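Here you'll find one protein chain in two forms, each presented separately as structure tokens under the names structure 1 and structure 2.
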Structure 1
């Protein structure tokens, strides 16, 4: 009827840096540019664990979480950059500082939600509307969109080359555009995409880093759109593109469906693709997955989703962690204390930096451990008051709240051994 909300109220973008840690290393070491390379942690065991892979090394099948020694068998020319190590653990400061560079540039254009070290959602609804009153009724030239793909286009009688494809779809999209109607959702996305071109040009201009972006009407679609044409390209996913796109879209590819919920949707409903969800009533979906999940699934498979872009570029928690897999699991009281102290010393540096930059203090310390055999991330979390940014107090207090977990008759020893220590400062207060 005339009372159907199509989920086209917003223009939302998601910007994600291309092989981000690699780009940070490649900017600093020009010998690594335009080469198969990867960023690795801890060179001692099997060459180090790979955490980021350039697109040149991906062409050989090198992936994240692979051992560097194994990646070298797939790609003998692979160059490696090692993560900084401080206090016997990985130190990600260089990438956090690179991340702040990118976030501050994006923040100049619109309200952003920091979503990870290398990505942020952008709510462009206001910027698009303002622009719709300033760029006048002046048409949108294809030159304003030199790196944009229109998902689903070109269609019909028109190639062979990807940029030929990109242009043809953009041409079909822009020819079909009704610019005399400032409330066309498709025109709004187009203006959003122009804006995202400009903010991606600014990021590259001011940092050297390339990135990809999705532009659509909500966070889920924008994130999906972002990966469609990685790297160094952006993708507009219109409401109209959703039925064809979702008809062969595996369910696990949708944000929040990559885990157990996504698996249960597939197993319980007997489907493979996002589009098959539309044949179920909302009540049926709620009967299987809960009121909130069923409702979310019912709207989402029609391309509709209402999670807002939260105005937040600052983390809500600040944390330091280290895993101790296998025979490295911590098995004496001295080890636990020493590592807690190493974690607390890095955390104190980060928190002091945070308070000076951001006018806030953390008030609660969360201590998370994992014990050997437990396959869950955390086996146990406990908390106490974070009153002084003092590493020796924080490490001692963290020890106080977990020391009863030790079921060891001998007091020098720690049993069962700990496979993870994690200190997280939270409950930030205005200061």
Structure 2
């Protein structure tokens, strides 16, 4: 209607590096390039755990959270790159640093929110407006969108590239003919900018990535996953009804867990589109005020979560699991590993201070004991006055020590977790 908002106010993108750890190792070792490849941490137990898988390898059914020995069964010629091991634990410095490479390049084009080590949201609203004035009254060539997919098109050719182009042509012709909306043009320009951003990333780092372009973060992330790897997908406001009509609820971000399952069970539906039938009040009564309102808008393709201008992580942490018989049963053992964790943490913290002009003021300590269903048996915190590994390990020990029911440590600890938080300018 005249007064119903359509959530077409912004142009937002979600960029995801494809199989990012694998790409990092592949850039470093040319032998791994263009091959079924995976990144493994630890080697002793069942060949180690796969944490990242190349698309060649995925074709064989190889997945993350899979034992290397089992991956080798599915893909005999699988090549493996090992995560760096420092102080007896996995060290992800190489990947964090690679992430910084990419993020810095992205920031040149637009404002970014660092979602994760391999994921970032991008707010293109301002950039699109500027590009439009420069580009005013100028048709947009398909050549400007060499890797772009328009979801829902074509509508009305057997090769995938043929289909992509036909879909693109229909979209562009419509744009061109004045049949589409102002918001549609804005998304289109956003896509052009993302193509340029992704080209810059590849040229300057060698890394490829997939991206989604839409009017909000949720649609952008969903769009990103539609065409991978090394491709980008534009999801228009108009494409939502058809797209959501067969979209499982769990596919929407934040709906992949218990809430999503409750939605399906309580309402007796499967797909995101089915949510439109319910009143905002109905949804709120079942799932709470905040969730209900969010669901009511989201099923209609509307989401208002802002892309936060955050280039750096809010927290800096390290942890190690001690599963099965490796569980820590002695006091000296626990202290030694706390020291290992504290030492890596100190190095990363000092680096962070020099690079980013900030200091952490809080240290969080978490542990898990054997037989405990919960991920965390306890979570305690204390002041972080100095970037000193010995002091940090000592303090962490002090806060968790009464946890021991009773030289020996009982019950044995299956997890140790240190996190630096509450940063201040410096």
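Between two forms, the rigid core is the largest collection of C-alphas that superpose within 1.5 Å. Residue numbers count along the first chain shown, from 1.
Chemist: Core-aligned, between structures 1 and 2, one residue among 141, 138, 178, 133 moves its CA by 2 Å or more. Tell me which.
Modeler: Between the two forms, the residue that moves is 178.
Chemist: Can you give me the Cα shift for residue 25 between structures 1 and 2? Core-superposed, in angstrom, one decimal please.
Modeler: Rounded to one decimal, the shift is 0.3 Å.
Chemist: Can you give the C-alpha shift of residue 379 between structures 1 and 2 in Å, rounded to one decimal, after superposing the rigid core?
Modeler: Rounded to one decimal, the shift is 1.9 Å.
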